[PDB]
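**Q**
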Amino acid sequence: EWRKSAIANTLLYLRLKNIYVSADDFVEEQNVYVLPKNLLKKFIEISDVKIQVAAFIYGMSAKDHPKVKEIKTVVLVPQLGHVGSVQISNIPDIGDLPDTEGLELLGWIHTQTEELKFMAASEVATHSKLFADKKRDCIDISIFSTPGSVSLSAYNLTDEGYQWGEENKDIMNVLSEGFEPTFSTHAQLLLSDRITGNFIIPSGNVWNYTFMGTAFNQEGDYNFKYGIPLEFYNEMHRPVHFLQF
Amino acid sequence: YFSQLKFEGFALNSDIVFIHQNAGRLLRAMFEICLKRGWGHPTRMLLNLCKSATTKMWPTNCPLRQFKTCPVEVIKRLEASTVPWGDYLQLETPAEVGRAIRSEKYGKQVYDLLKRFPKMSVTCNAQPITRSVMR
Amino acid sequence: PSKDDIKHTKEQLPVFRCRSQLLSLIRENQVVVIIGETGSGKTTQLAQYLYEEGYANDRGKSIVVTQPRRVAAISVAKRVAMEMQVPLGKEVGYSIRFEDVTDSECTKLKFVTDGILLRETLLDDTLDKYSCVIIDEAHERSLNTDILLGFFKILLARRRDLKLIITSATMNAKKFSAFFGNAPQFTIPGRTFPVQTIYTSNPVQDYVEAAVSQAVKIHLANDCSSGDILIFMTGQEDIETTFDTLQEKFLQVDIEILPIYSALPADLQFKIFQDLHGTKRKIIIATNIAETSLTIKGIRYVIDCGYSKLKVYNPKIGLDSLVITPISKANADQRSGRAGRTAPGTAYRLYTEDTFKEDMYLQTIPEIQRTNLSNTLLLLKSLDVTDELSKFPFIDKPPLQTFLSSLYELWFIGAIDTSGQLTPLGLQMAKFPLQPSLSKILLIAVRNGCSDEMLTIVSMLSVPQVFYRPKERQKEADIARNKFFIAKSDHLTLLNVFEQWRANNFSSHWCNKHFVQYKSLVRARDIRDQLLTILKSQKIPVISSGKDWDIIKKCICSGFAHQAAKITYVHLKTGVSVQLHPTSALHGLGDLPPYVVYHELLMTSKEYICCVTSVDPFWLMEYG
Amino acid sequence: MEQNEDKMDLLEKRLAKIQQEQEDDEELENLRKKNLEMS
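Protein chains in written order, with the entry's author numbering: chain A, 2151 to 2395; chain B, 1083 to 1217; chain Q, 338 to 590, 605 to 919, 924 to 979; chain D, 147 to 151, 161 to 194.
#1: Strictly below 7 Å CB to CB, what residues from chain Q border D/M193?
#2: List the residues of chain A whose Cβ lies closer than 7 Å to the Cβ of B/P1210, in chain order.
#3: Note down, in chain order, all residues in the region 2343-2366 of chain A with a beta-carbon under 8 Å from any beta-carbon belonging to chain Q.
#4: Can you name, in chain order, every residue of its own chain whose Cβ lies under 8 Å from the Cβ of residue 1068 of chain Q, other than the five neighbours on each side?
#5: Which residue or residues does DSSP assign as beta-bridge partners of A/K2219?
#6: Could you list which residues in chain B have their beta carbon closer than 8 Å to that of A/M2210, in chain order?
#7: What is the C-beta distance between A/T2360 and A/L2230, in whole angstroms, given that I count them as a contact (C-beta under 8 Å)?
#8: Would B/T1142 pass as an interface residue toward chain A - the criterion being a Cβ-Cβ separation below 8 Å?
#9: For the putative contact between A/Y2376 and A/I2345, defined by C-beta atoms under 8 Å, what is the C-beta separation to the nearest angstrom?
#10: Skipping 5 residues on each side, what residues in its chain have a beta carbon closer than 8 Å to that of Q/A683?
#11: Which residues in chain Q have a C-beta closer than 9 Å to the C-beta of A/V2324? List them in chain order.
#12: Below 8 Å on the Cβ atoms is my contact criterion, and I expect Q/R632 with Q/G564 to pass it. Report the Cβ-Cβ distance as a whole number of Å.
#13: State the beta-bridge partners of Q/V401 as determined by DSSP.
#14: When we look at the beta-carbon of Q/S960 and count the other beta-carbons within 10 Å, is it buried (16 or more) or exposed?
#15: Kindly indicate which three-state DSSP category Q/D565 falls into: helix, strand or coil?
#16: Taking 8 Å as the CB-CB cut-off, is Q/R496 touching chain B?
#17: Ignore the nearest five residues each way along the sequence and tell me which others in Q/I678's own chain have a CB closer than 7 Å to its CB.
#18: My output table needs one value for A/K2375: the three-state DSSP class, helix, strand or coil.
#19: Would you identify the three-state DSSP class for Q/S939, choosing helix, strand or coil?
#20: For D/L166, decide whether its Cβ has a neighbour in chain Q, counting only Cβ atoms nearer than 8 Å.
#21: Name the chain A residues that come within less than 7 Å of B/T1164, Cβ to Cβ?
#22: Among Q/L883, Q/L734, Q/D829, which residue has its Cα nearest to the Cα of Q/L941?
#23: So the candidates are Q/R497, Q/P949, Q/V402; which of them puts its Cα closest to the Cα of B/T1164?
#24: Quick one: list the residues of chain A neighbouring Q/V368, beta-carbon separation under 8 Å, in chain order.
#25: Would you say Q/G426 faces chain D, with C-beta separation under 8 Å as the test?
#26: Quick one: list the residues of chain Q neighbouring D/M147, beta-carbon separation under 7 Å, in chain order.
#27: Shorter than 8 Å from the beta carbon of D/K188 to some beta carbon of chain Q?
#28: If you draw a straight line from the alpha carbon of Q/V545 to that of Q/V553, how long is it in whole angstroms?
#29: Kindly indicate which three-state DSSP category B/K1138 falls into: helix, strand or coil?
#30: By the DSSP assignment, the beta strand (DSSP E) with Q/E607 in it spans what residues?
#31: To test your reading of the DSSP string, which unbroken alpha helix (DSSP H) runs of 4 or more residues are found completely within the region 484-528 of chain Q?
#32: The ligand ATP heavy atoms versus the CB of B/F1084: any closer than 7 Å?
#33: Quick one: what's got a C-beta closer than 8 Å to A/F2333's C-beta in the same chain, skipping five residues either side?
#34: Could you give the first and the last residue of the continuous alpha helix (DSSP H) run that contains Q/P351?
#35: So, using beta-carbon positions, are A/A2337 and A/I2259 closer together than 8 Å?
#36: DSSP has A/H2260 in a bridge; who is on the other side?
Pasting the structure below:
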C-alpha cells in the first residue's frame, strides 16, 4: 500500500501552493515563533501523504525583540510514524556538532491528516511525553496536510494538558478520558522568507524506520549531523525491497 | 537488470539486453541535463543510476559486490547487517576486518580491498572577498 | 489416504484461500504476527508455503519453527515431512533436547523447541544458517519464547535478511504487534464450530460439588447418546475424589468416566483417545493438560470451574507458591474452545460474568513475570548482553526485586561480580542446560572428586514425579521406595533408585513393581548422557567418590547454601519456620536430623522443603 | 459459629515476628552495656 503513497508523495510540492498559517490578532506581549519558509517546504517534500512525520525545532531570540524566537534548525530523528500518531525517539544529543551554540530547544513540528483548531489527544500525549519533565514552554507546530494544501497551527500546552498526558501514558485509539481542547492555547507563528534554516539528520541518514522496526530503538542514543533529509520512501528507508527483487 | 533477475522467454530475455546496452548513454545524457540546469537532487540521483547501470547493482547493495574478486558469502552477510558501509570503512587493522566479516581468512584479503576502496578526507573554509563574492 | 489426497487436504484448509496473501505479506515485511485459528491448520501449511516460496534452500539457508512442547515438534515434523513426502531428517527435520533428526546440516525445514533455538543463539547470534524463523504457539509465552521475542527484535537489525513470523492469540496480537514496532497482524479464519457459553448466576460454594451436580444434569437431562463432556479441575487428588463421587450417582438412578493428568501413567493417559459406543456417554475429568497438551475428539460439552493451580515465585521469601487461583479470560476461553472442536457445543462456567470481567485478568501473567529467573539471567549474561540485560526489552518485564534477587543469587554463586558483570565460572556454568546451582555443584564435584555420582544425582533432581503414589496405596508406594533408603538424604536415595533400576537392566516392570515412573528414569539417563557429553565438551574428568558420599554433600553446600534450614524446621537466613515434605525419607512421626540443605522450598498445603539432605554447619562456611 | 469456634501474608508476618524477636536481645544487651557505660 506504500506504493500508492510513494507515488502520491511525488506531488507534495504542489501542496505548498496553498500555505495557510493560523493567525489571531497580534500580541506584542507574548512570544512569536518564526519558521523559515525553506524548512517548511523541504519538510513537506520529504513527508508522507498519510503517515505522520515529525521533527524537533531548535532556535533562538533576535536582538531586536527577545520574544521573536527564530527557528534555525529542524532536527529530524529516528521515528516510526502512523496515521494520526507518531512514535519519536528521545530529544537528541546534538551539542557536540558545530554551530549548535546558543540554540534553545523550541519544541516540535509535525504533519497531520485532520484539521483542528486545538491540539488533539495524540499530540497532547506525545507532547507531554517529550516535554513534561524537561521544557514545558515548548510549542507544537501542527501541520494539516491534505491534497492541494498545507495548514500550519502553533500551540502552547497547559499544565492541565501536561497532567492529562501524564495520566494518559498511552492512548488506545478513542479513550477520550476527559480530554479537553482547552488543554491547548494558540501560539503566534510567523512563516518567513527573510531567513533560511537548516536540517540536522541522523548520522546513518535514515530517520523513517517503518520498514526497519527492529533497528528502531525509541530509547535510542543516536548520533547526528547536518545533512539533506531523505524522503519518506527513499531507497535507504526501503533496503528489503531491493533484497526481495 | 539493476537487480540481475533471471528470465526464460528468449524475446523478453533479449529486450532486457538491448535496454541495458543502451541505458548507460541515456542516463548519462539525463545526468548532464540536470547538472547543466543546476538541479542538485536529480543530478545526485542520476549519478547513482549511471553507477547502477555500470555496476548491475542498486545503492542499497554494498561495494564488496563491486569488487570483482570478492567472496559472495561476505557480501550477503554485510548487506543483511545494519552497519553502514561508511562505518565498515573506518577499520585500519586486518584482524578487525576479519572480525567484521566473521571470517579470519577473508579479513586478510578484504583488508587489502578496503585499503584500495576510494576514500577522501575533505576540509573547506570560506573567505568573503567582497560583499557579493565568496571564495 | 495415499500420496494424492494429501494435496487436496492441504488445498482445502482456509490458510490456502489466503496462501498468496501470506507469502506476499512476508515479502513486504521482515516481521509478521499471525492469528491462526484452530481449524486454520497453520502449523503444517505455512512452513511448506515459505519453503516452496524459496527461502529455505541454499539461497537463504534453512527455516526453523519453534514449539514449546518436545512431542509437538516431532509430531508436526513427521506430518510435514510426510506432506512433503520426504524421509524425516532429509529436507524436513527436527532438533529437540537429546534428539537431532537432521541428516544434513543444510536440512531445509527444521522444527525445534524454543529452548534449543535459544541455546543456538549463544554459539551463533546472527543464526546465519537460517533464512526464516516461525515462533509457533507463542501465545503460551514460555520463558524461552519471551526471551527470543527480545533477542529477535534486536538481531533482525543485525540481519535484514532474517524473516520472522510470530503466532498469536486474540487477547495479545495488538500487544505483540506494538512491541514488534507495530508491524502488521494477519488474521486467518479457522474451521471451528460455535460454543454456547453459560455463566453461573452466583459464586459456587465448592466447585467440586457443582461440577459433579452439573455433570449428572448434562448426562441425564439429555439421553445418553451422541455428545461427550470435558470437566476442568485443579489437581490429581481433587480429580480422583470426583470419579468416585460420579459413578455412585449412576448406580443410584450408560456413562464412561476417565481421568487425565500429567502424573498419570502413559498407558492410562492413552486410552482416553480410544472410542466410545453409541448410546453410552464419555466424560473426561482433567487438569489444564487438556487445555493444550492433549486434544480430544467428540467433546461437545465443557464444564469450567474457573480456578487453576498456578506456580508463582515469591522473591522476598525465595519461595514457590502453588496457589489455587482464578484463571485468566484467555484461559477461560481456551477451556471453552475444547467443546466446539468436532461439532457445535456448550461451555458451562462455574462463576459469574463480573468475576470473569474484573477478578480474572485478561491475559495470563507470563511465566517470566512469576518464576525464578537465574538460568535466564545467567544465559543472558553469557551471551554478552550486559547492563543491556539490566535494561533488556522483554514484552512484559519481570519484577525489579525478582531481577535483583536473581542477580544476588548469581553474585552469591560467584557467577557475578559486585558491579554485576559475568565471571568465567558463570560462562562455564551457562554451557550446562541448568539452573546455576546445579552447574555450580557439577563443576565443584570435579574438584571435590564426585562427578560420577553427581551426574546421576543432578540428572534425577531435574525430573518430575519420580515415584508413583496412587490414592489408597500410600503405604505400599513408600514401602517399595524404602527398599532403596539412604539414612542421610533423599538425594542419595535417588542414587540408589537409579543404581537398582540399572541393575534390573533398566526394567519397566521393575519400575512398576517399585512404584517408580520409568518415563522419569529414561529421561534421567538421557540427561546423564547429555551432561556427560557437556562435561566431555568442557574436557572435565568424571571422577567417582565411591562410598565417600560426604564428598557429594560437601558439593551440595557449594550450590545450595541459601537453601538451608535447622530444626525447630527454620530457614538459615530469613529465619522463617518451614516443614519437610511428607514424601521425604527424612520425614515422619520419627526422624529429625539437626541441620538441613534442600533442593526446593515450595508452599502447597504447607510451606514444604520438597526433598531433604542432612549437612554439617562447618561445610556451610567452608563453601560460603 | 459457636460450634465451629492470605497464606503468604501470614508467612511474611511470621518472618517479621521472628526478626523482631531475635533483634530484641541485641537491643536489650545494648541498653545493659549503655547502663554500664553511664555508671
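Where is the CB? At the ideal position from N, CA and C, for every residue including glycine.
**A** So, from the data block:
#1: The contacting residues do not exist; D/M193 stays about 32 Å from chain Q at best.
#2: The premise fails here: B/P1210 is roughly 17 Å from chain A at the closest Cβ pair, so nothing lies under 7 Å.
#3: Going along the region 2343-2366 of chain A in chain order, one finds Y2359, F2361, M2362, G2363, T2364, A2365, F2366 with a Cβ nearer than 8 Å to chain Q.
#4: Here chain Q covers residues 338 to 979 and nothing more, so residue 1068 of chain Q does not appear.
#5: Paired residues: A/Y2183, A/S2211.
#6: Near A/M2210 there are no residues of chain B at all, since even the closest Cβ is about 22 Å away, more than 8 Å.
#7: The beta carbons of A/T2360 and A/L2230 sit about 6 Å from each other, so the pair counts as a contact at 8 Å.
#8: Proximity of B/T1142 to chain A, defined by a Cβ-Cβ separation below 8 Å, is satisfied.
#9: Wrong, their Cβ atoms sit about 17 Å apart, outside the cutoff.
#10: Excluding positions up to five away in sequence, the list reads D655, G657, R700, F707, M711.
#11: Chain order gives no chain Q residues near A/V2324, where near means a beta carbon separation below 9 Å; the closest approach is about 14 Å.
#12: About 7 Å; that satisfies the 8 Å criterion.
#13: Answer is Q/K447, Q/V470, bridged to Q/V401.
#14: Counting C-beta atoms within 10 angstroms of its own C-beta, Q/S960 has fewer than 16 neighbours from the protein chains shown and is therefore classed as exposed.
#15: Three-state result, Q/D565: strand.
#16: Chain B has a Cβ within less than 8 Å of the Cβ of Q/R496.
#17: Around Q/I678: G657, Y658, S659, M711.
#18: Looking at A/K2375 - three-state DSSP - the assignment turns out to be strand.
#19: Judged by DSSP in its simplified three-state form, Q/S939 adopts coil rather than helix or strand.
#20: Cβ-Cβ to chain Q under 8 Å: yes for D/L166.
#21: The answer, in chain order, is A2365.
#22: Closest option to Q/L941, judged by alpha-carbon separation, among Q/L883, Q/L734, Q/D829: Q/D829.
#23: Minimum Cα distance to B/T1164 is reached at Q/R497.
#24: Listed along the chain, the chain A residues whose CB falls inside 8 Å of the CB of Q/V368 are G2363, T2364.
#25: Using a CB distance cut-off of 8 Å, Q/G426 does not count as an interface residue toward chain D.
#26: Annotation: D/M147 has no Cβ neighbours in chain Q at a cutoff of 7 Å; minimum Cβ distance is about 17 Å.
#27: Against chain Q, the CB of D/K188 has no partner CB under 8 Å away; the residue lies outside that interface.
#28: Looking at the two C-alpha atoms, the distance is approximately 13 Å.
#29: Reduced to three states, the DSSP call for B/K1138 is coil.
#30: Here the beta strand (DSSP E) through Q/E607 covers 606-611.
#31: Counting only runs of 4+ residues, the alpha helix (DSSP H) found wholly inside the region 484-528 of chain Q occupies 510-516, in chain order.
#32: Because no ligand of any kind appears in the structure shown, any question about the ligand ATP cannot be addressed here.
#33: Counting only Cβ-Cβ distances below 8 Å, and skipping sequence neighbours, we find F2268, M2269, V2274, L2307, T2308, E2310, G2311, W2314.
#34: Unbroken alpha helix (DSSP H) run through Q/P351: 351-354.
#35: At a Cβ-Cβ threshold of 8 Å, A/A2337 and A/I2259 do not count as neighbours.
#36: According to DSSP, A/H2260 bridges with A/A2204, A/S2292.
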